[PDB]
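Structure first, commentary second.
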Amino acid sequence: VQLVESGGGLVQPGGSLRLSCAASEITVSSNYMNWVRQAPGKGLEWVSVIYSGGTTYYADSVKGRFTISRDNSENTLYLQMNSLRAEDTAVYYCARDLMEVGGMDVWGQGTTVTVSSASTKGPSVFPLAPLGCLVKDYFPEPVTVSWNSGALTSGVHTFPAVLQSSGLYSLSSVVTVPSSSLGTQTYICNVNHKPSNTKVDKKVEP
Amino acid sequence: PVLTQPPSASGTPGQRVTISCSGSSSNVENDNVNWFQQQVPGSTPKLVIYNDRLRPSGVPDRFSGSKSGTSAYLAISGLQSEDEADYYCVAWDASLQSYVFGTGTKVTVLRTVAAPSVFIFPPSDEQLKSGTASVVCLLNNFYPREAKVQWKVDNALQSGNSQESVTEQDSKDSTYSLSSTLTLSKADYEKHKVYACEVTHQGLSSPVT
Amino acid sequence: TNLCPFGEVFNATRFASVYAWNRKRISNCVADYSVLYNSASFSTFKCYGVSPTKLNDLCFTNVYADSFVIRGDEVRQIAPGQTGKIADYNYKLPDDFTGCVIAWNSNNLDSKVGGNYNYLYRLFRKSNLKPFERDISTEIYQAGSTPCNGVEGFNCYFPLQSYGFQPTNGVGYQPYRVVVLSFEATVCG
């Protein structure tokens with residue numbers, strides 16, 4: 001029972017973006033379904049609802065600037081966003097609004113939309129020798145850091161980022177390694193910045 | 001348009017915290033107030049209470065709710081250690097066909113104390129090689145969110161850079177963690193002494209390396 | 001010289017849930033349609049076609065009386081080109097309608113303490129209803145890949161749900177009895 005948000009991120013003001021939520025086990029054409037958003041460090045805002053038989057309802061803070069739809073044949077719903085503004089900079093969530101017989105169950109993880117200028121900034125991965133990596137100077141957010149692909153499921157400490165006042169971000173993730181025979185399994189970061197489309201697999205060594 | 005809901009809530013372990021949520025006679029009077037829990041800003045919400053007072057599946061009998069006209073409430077009974085989160089309330093309004101969320105209340109449980117395990121890593125080799133430097137303090141689990149960590153620098157205070165993070169997170173081990181970074185210049189690194197990081201809780205610490 | 005039994009439908013002791021819009025063929029009778037609106041004890045009587053007085057002066061093949069009960073907020077949805085749960089998944093008017101929608105509050109008659117939970121509203125139908133169409137189906141709704149096979153459960157909820165009609169409820173959330181007069185040799189005035 002899973003909904004995966006899969007839209008984009010960084011968009012010049014007045015631009016346009018298309019958001020999508022792939023659905024597992026919920027027939028999107030039958031169950032109401034509904035988009036909700038969360039601005040950076042703020043509350044939750046209902047964006048749009050679709051109904052099974054159509055008849056969309058939108059929030060006044062978007063109206064004509066936003067449109068919602070269901071892919072036919074495919075179990076995905078969409079939010080076409082156009083005439084975007086900096087207010088719209090937020091995190092967007094797809095969700096299943098079962099009106100009364102349930103509620104807004106089954107929320108998605110969320111795609112991170114950042115409406116601004118100043119362009120992307122690709123990170124400069126640097127190794128934190130015995131152990132971790134230093135994701136340096138990056139814009140917009142998020143960064144996906146995995147250690148030895150999915151192998152190191154545990155010991156991981158993906159600490160949150162900072163705001164360098166110049167607008168740049170920096171993040172750093174570490175693992176509590178068995179100091180015993182640590183020199184065996186070579187430890188390799190796998191960082192990906194989807195906006196800059198920067199994928200750096202950088203190895204950390206003594 | 002919002003539903004009014006207090007900013008803060010507090011309670012000892014075991015106590016019952018009762019979140020408000022008040023709105024118009026077209027909002028929360030009917031059309032079923034729904035209640036939501038979100039551990040962290042970007043987190044995925046979780047439906048605690050629905051259709052005024054009913055509960056879904058997988059939700060503890062602890063959580064509970066009631067309605068009284070202009071306002072309904074959320075009764076977080078048996079206050080657990082993890083339950084400290086941001087809580088929100090929703091309702092449909094035919095008047096302006098929409099769903100109306102709440103300001104959010106941050107439940108804050110008040111209990112035992114923990115020690116910030118602190119790890120510092122030096123500038124990376126080839127960061128230095130780019131005419132740059134930067135150093136990292138990575139502070140791990142601590143329960144009181146307080147943590148002033150102005151990089152002492154040397155034995156002589158210097159607060160040039162030393163960029164520090166808010167807090168939150170851990171989630172697993174529902175304590176709190178944080179990050180602070182002091183940038184240097186390439187040649188400025190070879191200025192002697194190794195700066196240290198004034199992790200100052202109620203107590204204090206300073207791995208200097 | 002038979003007069004139309006509009007009263008038989010209008011002042012009915014017992015209406016019907018919206019999901020089952022009862023229809024009576026008003027036929028071969030006399031209708032001073034004006035006296036119905038002259039019975040201006042009605043909240044909503046808007047005739048999209050023409051005023052009752054003018055069509056009092058008129059005749060049709062037959063006249064169709066559609067009687068049901070909805071919630072006050074949703075009286076708007078019993079109108080041409082209206083979008084809503086009642087409109088889409090319960091009762092839909094053609095976008096070209098030439099009749100009269102009549103409504104009155106019934107919080108007195110059809111509300112009881114605790115709730116007259118005996119009025120029902122369809123919450124799930126995979127597709128919007130066509131003009132003047134009725135669905136009485138009670139089959140369990142499939143919101144998922146998994147077929148229900150007739151057990152209520154997750155992704156397998158029951159279609160028809162019920163209004164909670166309590167007197168202490170708000171005005172827009174109160175019983176409103178609605179009669180839609182449709183107009184298509186019989187009946188004159």
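In the structure tokens, each chain is lettered A, B, ... as it comes, each chain's residues begin at 1, and ligands are numbered from 1 in order of appearance.
If we count only C-alpha atoms, these residues of chain C sit within 8 Å of chain B: residues 73, 169, 170 and 173 of chain C.
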Closest contacts (chain C/chain A, max 7 Å, only C-alpha atoms) as CSV:
residue,atom,partner,partner_atom,distance
C:83,CA,A:55,CA,6.1
C:126,CA,A:30,CA,5.2
C:127,CA,A:53,CA,4.1
C:128,CA,A:53,CA,4.7
C:143,CA,A:27,CA,5.4
C:144,CA,A:26,CA,4.5
C:145,CA,A:25,CA,5.4
Fewer than 6 positions away in the same chain doesn't count, so skip those; otherwise give me all residues within 7 Å of region 89-97 of chain C, counting only C-alpha atoms, as JSON, numbers by chain. {"C": [18, 19, 48, 49, 78, 79, 80, 81, 122, 125, 128, 129, 130, 131, 132, 133]}
File dump, residues just selected, N, CA, C and O atoms, as a PDB file, in the first residue's frame:
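File out-v5.pdb, as written:
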ATOM      1  N   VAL C  18     -31.771   9.974  -0.948  1.00  0.00           N
ATOM      2  CA  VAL C  18     -31.401  10.513  -2.252  1.00  0.00           C
ATOM      3  C   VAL C  18     -31.019   9.398  -3.217  1.00  0.00           C
ATOM      4  O   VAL C  18     -31.244   9.522  -4.427  1.00  0.00           O
ATOM      5  N   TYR C  19     -30.473   8.282  -2.715  1.00  0.00           N
ATOM      6  CA  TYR C  19     -29.960   7.312  -3.675  1.00  0.00           C
ATOM      7  C   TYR C  19     -31.102   6.634  -4.413  1.00  0.00           C
ATOM      8  O   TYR C  19     -30.853   5.896  -5.372  1.00  0.00           O
ATOM      9  N   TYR C  48     -36.313  26.513 -13.965  1.00  0.00           N
ATOM     10  CA  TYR C  48     -35.323  26.816 -14.993  1.00  0.00           C
ATOM     11  C   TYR C  48     -35.984  27.029 -16.347  1.00  0.00           C
ATOM     12  O   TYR C  48     -35.551  27.883 -17.129  1.00  0.00           O
ATOM     13  N   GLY C  49     -37.040  26.276 -16.634  1.00  0.00           N
ATOM     14  CA  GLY C  49     -37.814  26.504 -17.836  1.00  0.00           C
ATOM     15  C   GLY C  49     -38.514  27.848 -17.827  1.00  0.00           C
ATOM     16  O   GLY C  49     -37.969  28.842 -18.314  1.00  0.00           O
ATOM     17  N   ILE C  78     -28.665  20.189  -6.519  1.00  0.00           N
ATOM     18  CA  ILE C  78     -29.839  19.813  -7.301  1.00  0.00           C
ATOM     19  C   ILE C  78     -30.145  20.943  -8.272  1.00  0.00           C
ATOM     20  O   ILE C  78     -31.201  21.580  -8.196  1.00  0.00           O
ATOM     21  N   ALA C  79     -29.216  21.199  -9.189  1.00  0.00           N
ATOM     22  CA  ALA C  79     -29.323  22.290 -10.142  1.00  0.00           C
ATOM     23  C   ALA C  79     -28.542  21.911 -11.387  1.00  0.00           C
ATOM     24  O   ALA C  79     -27.609  21.103 -11.306  1.00  0.00           O
ATOM     25  N   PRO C  80     -28.901  22.460 -12.549  1.00  0.00           N
ATOM     26  CA  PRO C  80     -28.115  22.188 -13.756  1.00  0.00           C
ATOM     27  C   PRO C  80     -26.671  22.631 -13.584  1.00  0.00           C
ATOM     28  O   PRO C  80     -26.378  23.632 -12.924  1.00  0.00           O
ATOM     29  N   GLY C  81     -25.768  21.859 -14.183  1.00  0.00           N
ATOM     30  CA  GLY C  81     -24.351  22.152 -14.150  1.00  0.00           C
ATOM     31  C   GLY C  81     -23.797  22.344 -12.757  1.00  0.00           C
ATOM     32  O   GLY C  81     -23.047  23.292 -12.510  1.00  0.00           O
ATOM     33  N   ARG C 122     -24.959   8.182  -1.287  1.00  0.00           N
ATOM     34  CA  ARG C 122     -23.951   7.358  -1.944  1.00  0.00           C
ATOM     35  C   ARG C 122     -22.618   8.092  -1.968  1.00  0.00           C
ATOM     36  O   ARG C 122     -22.517   9.192  -2.521  1.00  0.00           O
ATOM     37  N   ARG C 125     -18.971   5.693  -6.218  1.00  0.00           N
ATOM     38  CA  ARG C 125     -19.423   5.181  -7.502  1.00  0.00           C
ATOM     39  C   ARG C 125     -18.338   5.558  -8.496  1.00  0.00           C
ATOM     40  O   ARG C 125     -17.859   6.695  -8.463  1.00  0.00           O
ATOM     41  N   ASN C 128     -19.385   9.236 -12.877  1.00  0.00           N
ATOM     42  CA  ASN C 128     -20.479  10.161 -12.601  1.00  0.00           C
ATOM     43  C   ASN C 128     -21.782   9.656 -13.213  1.00  0.00           C
ATOM     44  O   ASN C 128     -21.794   9.067 -14.297  1.00  0.00           O
ATOM     45  N   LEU C 129     -22.883   9.876 -12.501  1.00  0.00           N
ATOM     46  CA  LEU C 129     -24.177   9.414 -12.981  1.00  0.00           C
ATOM     47  C   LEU C 129     -24.638  10.239 -14.176  1.00  0.00           C
ATOM     48  O   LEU C 129     -24.382  11.441 -14.272  1.00  0.00           O
ATOM     49  N   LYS C 130     -25.318   9.576 -15.100  1.00  0.00           N
ATOM     50  CA  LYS C 130     -25.875  10.253 -16.254  1.00  0.00           C
ATOM     51  C   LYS C 130     -27.159  10.969 -15.840  1.00  0.00           C
ATOM     52  O   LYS C 130     -27.739  10.642 -14.804  1.00  0.00           O
ATOM     53  N   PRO C 131     -27.612  11.962 -16.611  1.00  0.00           N
ATOM     54  CA  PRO C 131     -28.840  12.682 -16.234  1.00  0.00           C
ATOM     55  C   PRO C 131     -29.998  11.724 -15.989  1.00  0.00           C
ATOM     56  O   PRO C 131     -30.218  10.791 -16.759  1.00  0.00           O
ATOM     57  N   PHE C 132     -30.720  11.938 -14.890  1.00  0.00           N
ATOM     58  CA  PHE C 132     -31.914  11.157 -14.561  1.00  0.00           C
ATOM     59  C   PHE C 132     -31.612   9.661 -14.553  1.00  0.00           C
ATOM     60  O   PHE C 132     -32.236   8.875 -15.284  1.00  0.00           O
ATOM     61  N   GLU C 133     -30.633   9.273 -13.710  1.00  0.00           N
ATOM     62  CA  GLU C 133     -30.268   7.874 -13.523  1.00  0.00           C
ATOM     63  C   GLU C 133     -30.232   7.476 -12.047  1.00  0.00           C
ATOM     64  O   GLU C 133     -29.814   8.245 -11.165  1.00  0.00           O
TER      65      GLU C 133
END
Check: which chain A residues lie within 7 Å of chain B using only C-alpha atoms, as an mmCIF file with C-alpha atoms, in the first residue's frame:
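Ended up saving to iface.cif:
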data_model
loop_
_atom_site.group_PDB
_atom_site.id
_atom_site.type_symbol
_atom_site.label_atom_id
_atom_site.label_comp_id
_atom_site.auth_asym_id
_atom_site.auth_seq_id
_atom_site.Cartn_x
_atom_site.Cartn_y
_atom_site.Cartn_z
ATOM 1 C CA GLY A 41 8.794 25.014 8.292
ATOM 2 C CA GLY A 43 1.717 24.014 8.331
ATOM 3 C CA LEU A 44 -0.199 21.803 5.936
ATOM 4 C CA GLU A 45 -2.284 23.207 3.072
ATOM 5 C CA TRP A 46 -4.870 21.303 1.047
ATOM 6 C CA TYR A 57 -12.144 21.118 -6.369
ATOM 7 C CA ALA A 59 -7.952 25.858 -3.277
ATOM 8 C CA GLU A 100 -16.204 9.424 6.065
ATOM 9 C CA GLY A 102 -12.107 6.496 6.719
ATOM 10 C CA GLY A 103 -9.964 9.571 6.421
ATOM 11 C CA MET A 104 -6.804 10.779 4.701
ATOM 12 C CA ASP A 105 -4.982 7.502 5.049
ATOM 13 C CA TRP A 107 0.119 9.495 2.542
ATOM 14 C CA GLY A 108 3.134 9.634 0.255
ATOM 15 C CA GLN A 109 6.720 10.502 1.108
ATOM 16 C CA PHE A 126 34.571 15.153 0.604
ATOM 17 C CA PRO A 127 35.528 12.182 2.810
ATOM 18 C CA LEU A 128 35.540 12.292 6.596
ATOM 19 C CA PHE A 159 22.343 14.279 9.992
ATOM 20 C CA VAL A 162 22.730 23.598 7.485
ATOM 21 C CA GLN A 164 25.153 28.697 4.927
#
Using only C-alpha atoms, which protein or nucleic acid residues come within 10 Å of residue 186 (chain B)? Drop anything in the same chain fewer than 2 positions from it, and give the result as a CSV table (one decimal) with N, CA, C and O atoms, in the first residue's frame.
chain,number,residue,atom,x,y,z
B,123,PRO,N,39.5,18.5,8.6
B,123,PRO,CA,39.3,18.8,7.2
B,123,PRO,C,39.7,17.7,6.3
B,123,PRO,O,40.7,17.0,6.6
B,127,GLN,N,39.9,18.4,0.1
B,127,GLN,CA,39.3,19.7,0.4
B,127,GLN,C,40.3,20.8,0.6
B,127,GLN,O,40.3,21.9,0.0
B,128,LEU,N,41.3,20.5,1.5
B,128,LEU,CA,42.4,21.4,1.7
B,128,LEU,C,43.1,21.7,0.4
B,128,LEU,O,43.6,22.8,0.2
B,129,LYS,N,43.2,20.7,-0.4
B,129,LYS,CA,44.0,20.9,-1.7
B,129,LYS,C,43.3,21.8,-2.7
B,129,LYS,O,44.0,22.2,-3.7
B,130,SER,N,42.1,22.2,-2.4
B,130,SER,CA,41.4,23.2,-3.3
B,130,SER,C,41.5,24.6,-2.8
B,130,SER,O,40.5,25.4,-3.0
B,131,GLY,N,42.5,25.0,-2.0
B,131,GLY,CA,42.6,26.3,-1.4
B,131,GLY,C,41.5,26.6,-0.4
B,131,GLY,O,41.4,27.7,0.0
B,132,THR,N,40.8,25.6,0.1
B,132,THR,CA,39.7,25.7,1.1
B,132,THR,C,40.1,24.7,2.2
B,132,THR,O,41.2,24.2,2.3
B,133,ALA,N,39.1,24.5,3.1
B,133,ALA,CA,39.3,23.7,4.3
B,133,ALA,C,38.1,23.2,5.0
B,133,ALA,O,37.6,22.1,4.6
B,134,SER,N,37.5,23.9,5.9
B,134,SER,CA,36.3,23.5,6.7
B,134,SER,C,36.5,22.3,7.6
B,134,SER,O,37.2,21.3,7.2
B,183,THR,N,34.2,26.7,9.0
B,183,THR,CA,35.0,26.8,7.8
B,183,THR,C,36.4,27.4,8.2
B,183,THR,O,36.4,28.3,9.1
B,184,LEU,N,37.4,27.0,7.5
B,184,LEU,CA,38.7,27.7,7.5
B,184,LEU,C,39.2,28.0,6.1
B,184,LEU,O,38.7,27.5,5.1
B,188,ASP,N,45.0,29.1,6.7
B,188,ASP,CA,44.6,29.4,8.1
B,188,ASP,C,44.5,28.1,9.0
B,188,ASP,O,44.6,28.2,10.2
B,189,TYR,N,44.4,27.0,8.3
B,189,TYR,CA,44.4,25.7,9.1
B,189,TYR,C,45.8,25.6,9.8
B,189,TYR,O,45.8,25.2,11.0
B,190,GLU,N,46.9,25.8,9.2
B,190,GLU,CA,48.2,25.7,9.7
B,190,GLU,C,48.6,26.8,10.7
B,190,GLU,O,49.7,27.4,10.7
B,191,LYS,N,47.6,27.2,11.5
B,191,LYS,CA,47.8,28.4,12.4
B,191,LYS,C,48.0,27.9,13.8
B,191,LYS,O,48.2,28.7,14.7
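Residues with any atom within 6 Å of region 2-14 of chain A, counting only C-alpha atoms and excluding same-chain neighbours fewer than 2 positions away, are residues 19, 20, 21, 22, 23, 24, 83, 84, 85, 108, 110, 111, 112, 113, 114, 115, 116 and 117 of chain A.
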Let's have the selection written as a tab-separated table (two decimals), in the first residue's frame, with N, CA, C and O atoms.
chain	number	residue	atom	x	y	z
A	19	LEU	N	3.82	17.32	-11.30
A	19	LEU	CA	4.03	16.40	-10.19
A	19	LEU	C	3.23	15.13	-10.43
A	19	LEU	O	2.18	15.15	-11.07
A	20	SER	N	3.74	14.01	-9.90
A	20	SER	CA	3.11	12.72	-10.12
A	20	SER	C	3.30	11.84	-8.90
A	20	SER	O	4.33	11.89	-8.22
A	21	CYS	N	2.29	11.02	-8.63
A	21	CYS	CA	2.26	10.12	-7.48
A	21	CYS	C	1.88	8.72	-7.96
A	21	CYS	O	0.71	8.45	-8.24
A	22	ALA	N	2.86	7.82	-8.05
A	22	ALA	CA	2.59	6.46	-8.47
A	22	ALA	C	1.96	5.66	-7.33
A	22	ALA	O	2.39	5.76	-6.18
A	23	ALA	N	0.94	4.88	-7.66
A	23	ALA	CA	0.07	4.25	-6.68
A	23	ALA	C	0.22	2.74	-6.72
A	23	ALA	O	0.20	2.14	-7.80
A	24	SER	N	0.34	2.13	-5.55
A	24	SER	CA	0.43	0.69	-5.39
A	24	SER	C	-0.74	0.23	-4.54
A	24	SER	O	-0.84	0.60	-3.36
A	83	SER	N	2.43	28.95	-13.76
A	83	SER	CA	2.45	30.30	-13.19
A	83	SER	C	2.92	30.27	-11.74
A	83	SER	O	2.36	30.94	-10.87
A	84	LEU	N	3.98	29.51	-11.48
A	84	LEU	CA	4.42	29.25	-10.12
A	84	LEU	C	5.06	30.48	-9.49
A	84	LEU	O	5.61	31.34	-10.18
A	85	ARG	N	4.99	30.55	-8.16
A	85	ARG	CA	5.53	31.66	-7.39
A	85	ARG	C	6.32	31.12	-6.21
A	85	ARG	O	6.30	29.93	-5.90
A	108	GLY	N	1.87	9.89	0.92
A	108	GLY	CA	3.13	9.63	0.26
A	108	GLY	C	4.31	10.29	0.97
A	108	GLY	O	4.15	11.06	1.91
A	110	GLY	N	6.65	12.41	-0.40
A	110	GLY	CA	6.65	13.83	-0.73
A	110	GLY	C	7.80	14.19	-1.66
A	110	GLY	O	8.95	13.79	-1.46
A	111	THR	N	7.47	14.94	-2.70
A	111	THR	CA	8.47	15.53	-3.58
A	111	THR	C	8.68	16.99	-3.18
A	111	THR	O	7.75	17.68	-2.78
A	112	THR	N	9.93	17.45	-3.30
A	112	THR	CA	10.36	18.71	-2.72
A	112	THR	C	10.51	19.75	-3.83
A	112	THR	O	11.47	19.71	-4.61
A	113	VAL	N	9.57	20.69	-3.88
A	113	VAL	CA	9.51	21.71	-4.93
A	113	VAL	C	10.06	23.02	-4.38
A	113	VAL	O	9.56	23.54	-3.37
A	114	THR	N	11.08	23.56	-5.04
A	114	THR	CA	11.73	24.80	-4.61
A	114	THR	C	11.68	25.80	-5.76
A	114	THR	O	12.44	25.69	-6.73
A	115	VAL	N	10.79	26.79	-5.65
A	115	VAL	CA	10.56	27.77	-6.70
A	115	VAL	C	11.44	28.98	-6.42
A	115	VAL	O	11.14	29.79	-5.54
A	116	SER	N	12.54	29.12	-7.16
A	116	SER	CA	13.44	30.25	-6.98
A	116	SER	C	14.33	30.38	-8.21
A	116	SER	O	14.18	29.65	-9.19
A	117	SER	N	15.27	31.32	-8.13
A	117	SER	CA	16.26	31.52	-9.19
A	117	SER	C	17.63	31.03	-8.71
A	117	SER	O	17.73	30.01	-8.03
Apply DSSP to the backbone of this structure and, from region 15-158 of chain C, keep only the residues in helix (DSSP H, G or I); write these as JSON, numbers by chain. {"C": [18, 19, 20, 33, 34, 35, 36, 37, 38, 52, 53, 54, 55, 56, 72, 73, 74, 75, 76, 77, 85, 86, 87, 88, 89]}
